[PDB]
Every structure is written in structure tokens, then in C-alpha cells.
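A.B. asks: Next up is a structure, given as C-alpha cells.
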Amino acid sequence: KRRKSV
Amino acid sequence: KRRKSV
Amino acid sequence: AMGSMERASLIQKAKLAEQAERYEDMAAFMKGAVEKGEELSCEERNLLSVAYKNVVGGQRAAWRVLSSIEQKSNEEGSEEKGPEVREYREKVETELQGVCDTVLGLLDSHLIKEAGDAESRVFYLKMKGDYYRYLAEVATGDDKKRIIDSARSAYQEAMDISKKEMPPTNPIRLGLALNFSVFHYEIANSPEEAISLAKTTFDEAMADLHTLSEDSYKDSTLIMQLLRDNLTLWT
Amino acid sequence: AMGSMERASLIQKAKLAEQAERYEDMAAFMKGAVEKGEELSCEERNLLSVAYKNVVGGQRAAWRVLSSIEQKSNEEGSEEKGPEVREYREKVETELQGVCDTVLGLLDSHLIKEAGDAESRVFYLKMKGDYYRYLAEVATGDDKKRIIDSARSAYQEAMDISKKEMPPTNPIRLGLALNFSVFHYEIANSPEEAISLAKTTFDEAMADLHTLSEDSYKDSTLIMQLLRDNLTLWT
Ligand SMILES: [Cl-]
Ligand SMILES: [Cl-]
Ligand SMILES: [Mg+2]
Ligand SMILES: [Mg+2]
Ligand SMILES: [Mg+2]
Ligand SMILES: [Mg+2]
Ligand SMILES: [Mg+2]
Ligand SMILES: [Mg+2]
């Protein structure tokens, strides 16, 4: 799981 | 389902 | 090269390129649209950001695969394989830097200076922080501190406006906070600041959900879930 | 632009581009390697074909999305939206034609004429049939019959050599048959010929599997399953 960005 | 090619 | 195309036809073709998943074309159409010199609507700002996000995201994923192979080549007992892995990681790094410099140049000439409403100004300052953040992911030289500081300054000005002018559930404010928290965690070596900002942002949005319509609640809770995904990963 | 790079460094960088999923770069490195003028090894021929398959496959999928939107715009009671959908489908079509002309030009100058062994000659003639087939998928003018005939002639010469020189389980022979059967079904309006060729090819390979090692059997049965997938779809 890679950390989320938007 | 699309027909297969290779 | 888009100077002879009508603004509306560039916008139309950017939407067709998004349907075709041709994100390089979508970005060149939206860059042509920005260079017409008129301000962007909300829809148009989101086309610009989706196009460049996808172009730079492909470059960043390729750079991470190449940087991983180069780091392995530099471990004790690995064979010397010549300059090719470093040269090709440099090639992909220079094209990614050029896409970030293109976006930063659109923001500086002249999207930010004409953006007066909070929704547009916060959106553009978040983009400025995001593309300095992608420069900082590959920076290894004398300018690295100043590139990190440029990301932090753009995100902090966007946070300051968003806190004053937007509700805590606004999706641009939430995504700004999400990305500034990743900047703290991954770029500024400040994991506690990252976790505090994600927690506070989630909690303040939760307390504001009761004011929303069903569609606004779906938009806000989608991004809240991203903040909770990072909190789970980091804690 | 690859003239100053060593052949081996182009090959090395094509493999790194494949790991990074940078298929446009992989194709330009392999085109540089072919233009060194030496014959290709089996590994190198497969890098060339994987690179261009992936570049042209992205273009063909985008062209089909654009052609579908243009066909809808041309239905009774759809609004006139101007020339943009046709112009952009033309733009993507012309870049796809250019990638096919690049591959066909590598095969004609001078990969086919120096390919004497069956494995190399059949591989290159299958590629010639495949890229004329992708030209025929978008052809709508006076040359359409001659583009279809060029695909059929290249596939038929590859079939003639493969039948004489390779076993019926050879994976290049099987993939040739698979793609010539799709040419018959989709391009030549010959569904019965397509189904006969896929059936015969599957049955003749099944009868030859007993001669194979475990690894060869896995390679051959993978492609046999593609032939059975098309037979299921078509019957
Ligand atoms: Cl390179
Ligand atoms: Cl166009
Ligand atoms: Mg005009
Ligand atoms: Mg203004
Ligand atoms: Mg407000
Ligand atoms: Mg040399
Ligand atoms: Mg020879
Ligand atoms: Mg033989």
C-alpha cells in the first residue's frame, strides 16, 4: 500500500 | 471479451 | 503549436483525449487553452490538473523503478554494468522536471496572479505545491532545500486561504491537506506534523458533514477516506 | 537520434524501459538497435516486437474510442459538434499509421532480406502481416484492398515457411496462426476461414504436445488457449 495523494 | 491476438 | 486552435476546440479535444486515455495529448490541449490568456472555469481547472497528474504520475512511477534498479547496482557485490542505468534514470528525470517546469510556468504566467476567488487560488497554489513536491522527490543537489521550501510556501499560502474562506469539508481544502500531509511525511521528514494535519483535517470535516447534501457528502467522504488510509498506514 | 549510442547500451536501455513500462522509449531504443545494421537475436526480436506492440496497442485502443464517439456523432438526431472529433480521430490515426510505417520500414530495410533461419523469417513476416493489419483496421480509401492484400501475402508466406520448417507446437507458428485467423475474421470478412484455421492449428498442436518438455508445453499451451478463446467467442 502506497500512501494516498490527490 | 475482445478476440485474442499475440 | 496550439496557437491556431480555438479555445473551445482545445477544451473539447482535452475531454476526448481523457476518454481515449491520451493524457499527453490532453495536457498539450489544456496548456494551449491556458495560453489563450483567459481564466479557467472550475471544470477547465480540473481538466488541466487531471491531464498533468497523469503525465507526471507515469514519469514518477518510471523514475522510481529506475532509481530502485540504480540503487541496487550500487550495492556491495553487484557487477558493474556501465553508465546506462544512471543515464536512462537521468533521461526520465529530466523529462519529469520539464513537465513540472511547464506546469509551474503556467501557474506563474499567469494563472495564480489572476485568481481571486478562493476556489481558484487555493486550487492553483495546491498545484504549485504539488509540482514543487515532485521536483523535490528527485532533487539531490544545492537547490534541494529551496525546492522544498517553495513547495512548503505554496501549500502554506493555500492552507491559510482555505482555512479562512472554505468550509472544512470542501474537497479542494481536503485534498490540499492530504497532499501537504504527504509533503510533511515524505519530503520534510516531519511524520508527526503529517499525522497531526491528517487527523485534525479529518476530524474537522467529520463535524461539518451534517451541513451537506447527499452528493456533497459523497464528495467529501471520498477524500476523508484517503486521509484515514494514510493515518492507518502511518500509525 | 540513437546513432551515437552503442548497440549493447540500446538493448540494455530497452530492457530497463520495459521494466519502467516506458514503451515509447523502448521502441526508440530498439529502432536504434535495428539501425545498427546487424541481425537480431531471438531475445532482441522479442524486445522489438513487445515495444511496438505496446505503442501501437495504445494508439489502436484510443482510435477505437474516438471512432466510436465519431460514429455516434453521425447518427440521426445527434447535435452537430463541429469538426473536432473527426480532427482528433485523424490526428491519432495519422500517428498510428506513422508507427506502422516505421515498423514496416525496419522490416524492409533490412531485417527480412537478411533473415534466413525459419524462426527469424517467420517472426518478421508475421510482424509485417500484423502491421499491415493495423493499417487495414483504419483504412477507408482506394488503397484499402492493396493494404489488406499486403497483410494476407505476408501472413501466407510466413505460414508456408512455418508449415515446412517448424513443428506445429512452435509458439511463433501458433501465434502467427492466431493472428492470421483474426485477420480472416475481422479484416477479410472470412469468419469460416478464421474458424477453420484456428481449429486446425489447435488440433495439430495438441497432437504434437507429447514431444515437448514441461517448459515447452507451458509455452505452447498458453497460445493454444488463445486459439480456443477465439473459437469460443466465434462459435
Ligand atoms: Cl538514455
Ligand atoms: Cl487534433
Ligand atoms: Mg477564438
Ligand atoms: Mg480573476
Ligand atoms: Mg467561502
Ligand atoms: Mg559499437
Ligand atoms: Mg542472415
Ligand atoms: Mg525446424
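A note on labels: chains of the C-alpha cells are A, B, ... as shown, every chain counts residues from 1, and ligands are counted from 1 in their shown order.
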Using only C-alpha atoms, select each residue of chain D with any atom at most 9 Å away from an atom of chain B, and give the selection as a PyMOL selection string.
C.D. replies: chain D and resi 53+175-176+178-179+182+223+226-227+229-230+233-234
A.B. asks: Counting only C-alpha atoms and all ligand atoms, which protein, DNA or RNA residues come within 8 Å of ligand 4, given as an mmCIF file with N, CA, C and O atoms, in the first residue's frame?
C.D. replies:
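Contents of selection_14.cif, freshly written:
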```
data_model
loop_
_atom_site.group_PDB
_atom_site.id
_atom_site.type_symbol
_atom_site.label_atom_id
_atom_site.label_comp_id
_atom_site.auth_asym_id
_atom_site.auth_seq_id
_atom_site.Cartn_x
_atom_site.Cartn_y
_atom_site.Cartn_z
ATOM 1 N N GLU C 39 -9.012 33.326 -17.881
ATOM 2 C CA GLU C 39 -9.128 32.486 -16.654
ATOM 3 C C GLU C 39 -9.853 31.184 -16.990
ATOM 4 O O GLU C 39 -10.577 31.067 -17.976
ATOM 5 N N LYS C 113 -1.741 34.828 -10.542
ATOM 6 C CA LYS C 113 -1.910 36.256 -10.300
ATOM 7 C C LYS C 113 -3.297 36.711 -10.681
ATOM 8 O O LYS C 113 -3.729 37.726 -10.139
ATOM 9 N N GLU C 114 -3.995 36.020 -11.582
ATOM 10 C CA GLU C 114 -5.366 36.453 -11.865
ATOM 11 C C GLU C 114 -6.432 35.723 -11.083
ATOM 12 O O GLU C 114 -7.627 36.121 -11.188
ATOM 13 N N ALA C 115 -6.021 34.798 -10.213
ATOM 14 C CA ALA C 115 -7.006 34.006 -9.473
ATOM 15 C C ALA C 115 -7.332 34.660 -8.167
ATOM 16 O O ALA C 115 -6.500 34.663 -7.209
ATOM 17 N N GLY C 116 -8.514 35.226 -8.104
ATOM 18 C CA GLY C 116 -9.011 35.974 -6.903
ATOM 19 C C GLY C 116 -9.990 35.221 -6.048
ATOM 20 O O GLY C 116 -10.078 35.477 -4.841
ATOM 21 N N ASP C 117 -10.744 34.306 -6.565
ATOM 22 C CA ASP C 117 -11.683 33.588 -5.755
ATOM 23 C C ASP C 117 -11.009 32.502 -4.980
ATOM 24 O O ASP C 117 -10.011 31.901 -5.514
#
```
A.B. asks: Once you count only C-alpha atoms, which residues of chain C turn out to be within 12 Å of chain D? Could you give them as a PyMOL selection string?
C.D. replies: chain C and resi 5-23+25-26+29+55+58-70+81-89+91-92+95
A.B. asks: Distance CA of residue 111 (chain D)-CA of residue 194 (chain D), one decimal place?
C.D. replies: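 Answer for the CA of residue 111 (chain D) to CA of residue 194 (chain D) separation: 28.5 Å.
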A.B. asks: Could you tell me how far CA of residue 45 (chain C) sits from CA of residue 212 (chain C), in Å to one decimal place?
C.D. replies: 23.5 Å
A.B. asks: Could you produce a table of the residues of chain D lying within 9 Å of ligand 8, with the nearest pair of atoms per residue and their separation in Å rounded to one decimal, using only C-alpha atoms and all ligand atoms, ordered by chain and increasing residue number, as CSV?
C.D. replies:
```
residue,atom,partner,partner_atom_place_in_ligand_line,distance
D:117,CA,ligand 8,1 (Mg),9.0
D:118,CA,ligand 8,1 (Mg),7.2
D:119,CA,ligand 8,1 (Mg),8.3
D:162,CA,ligand 8,1 (Mg),8.5
D:164,CA,ligand 8,1 (Mg),7.9
D:165,CA,ligand 8,1 (Mg),4.3
D:166,CA,ligand 8,1 (Mg),4.3
D:167,CA,ligand 8,1 (Mg),6.7
```
A.B. asks: Could you tell me how far CA of residue 51 (chain C) lies from CA of residue 35 (chain C), in Å and to one decimal?
C.D. replies: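 Distance reported for this atom pair: 15.5 Å.
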A.B. asks: Env of residue 125 (chain D): 10 Å cut, atoms = only C-alpha atoms, seq-sep filter 6 positions within chain, self excluded. Answer as a tab-separated table (two decimals) with N, CA and C atoms, in the first residue's frame.
C.D. replies:
```
chain	number	residue	atom	x	y	z
D	107	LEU	N	11.40	-3.51	-41.20
D	107	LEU	CA	11.36	-4.86	-41.79
D	107	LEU	C	11.88	-4.82	-43.22
D	111	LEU	N	15.57	-5.97	-42.27
D	111	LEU	CA	15.51	-7.16	-41.46
D	111	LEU	C	15.03	-8.40	-42.19
D	112	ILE	N	14.02	-8.31	-43.03
D	112	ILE	CA	13.52	-9.53	-43.70
D	112	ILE	C	14.54	-10.09	-44.69
D	115	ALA	N	17.07	-12.26	-43.11
D	115	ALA	CA	16.62	-13.32	-42.21
D	115	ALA	C	16.45	-14.61	-42.96
D	131	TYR	N	1.41	-5.47	-38.92
D	131	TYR	CA	1.35	-4.00	-39.02
D	131	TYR	C	0.63	-3.62	-40.27
D	151	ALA	N	-1.13	-7.49	-46.09
D	151	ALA	CA	-1.17	-8.30	-44.81
D	151	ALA	C	-1.32	-9.79	-45.17
D	153	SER	N	-0.55	-11.45	-47.87
D	153	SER	CA	0.63	-12.04	-48.53
D	153	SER	C	1.73	-12.30	-47.52
D	154	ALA	N	1.95	-11.36	-46.57
D	154	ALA	CA	3.00	-11.56	-45.60
D	154	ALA	C	2.66	-12.77	-44.64
D	155	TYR	N	1.39	-12.78	-44.20
D	155	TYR	CA	0.98	-13.94	-43.35
D	155	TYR	C	1.06	-15.23	-44.13
D	156	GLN	N	0.72	-15.22	-45.42
D	156	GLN	CA	0.72	-16.52	-46.15
D	156	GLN	C	2.12	-16.95	-46.36
D	157	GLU	N	3.07	-16.04	-46.66
D	157	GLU	CA	4.47	-16.53	-46.79
D	157	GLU	C	4.98	-17.05	-45.45
D	158	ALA	N	4.63	-16.43	-44.32
D	158	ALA	CA	5.08	-16.91	-43.01
D	158	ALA	C	4.44	-18.27	-42.74
D	159	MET	N	3.17	-18.46	-43.09
D	159	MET	CA	2.51	-19.77	-42.86
D	159	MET	C	3.23	-20.81	-43.70
D	161	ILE	N	6.32	-21.01	-44.80
D	161	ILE	CA	7.62	-21.40	-44.17
D	161	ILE	C	7.39	-22.14	-42.88
D	176	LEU	N	1.44	-16.85	-35.08
D	176	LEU	CA	1.15	-16.49	-36.46
D	176	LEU	C	-0.24	-16.94	-36.86
```
A.B. asks: Can you work out which one of D:138, D:222, D:33, D:96 has the shortest atom-to-atom distance to ligand 6, counting only C-alpha atoms and all ligand atoms?
C.D. replies: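 Nearest candidate to ligand 6 out of D:138, D:222, D:33, D:96: D:33.
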